[PDB]
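What follows is a single structure, written as structure tokens, with notes after it.
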Amino acid sequence: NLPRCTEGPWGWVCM
């Protein structure tokens, strides 16, 4: 996966 983060359930999760 390309480097990038998204707001997830348990805070910001990152690739």
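How things are named: the first chain in the structure tokens is A, the next is B, and so on; residues count from 1 in each chain; ligands count from 1 in the order shown.
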* To do: Select from chain A everything DSSP, run on the backbone, classes as strand (DSSP E), then give the selection as a PyMOL selection string.
  => chain A and resi 5-8+11-14
* Asked: Counting only C-alpha atoms, what is within 7 Å of residue A:4, bar same-chain residues fewer than 2 positions away, as a list in words?
  -> residues 2, 14 and 15 of chain A
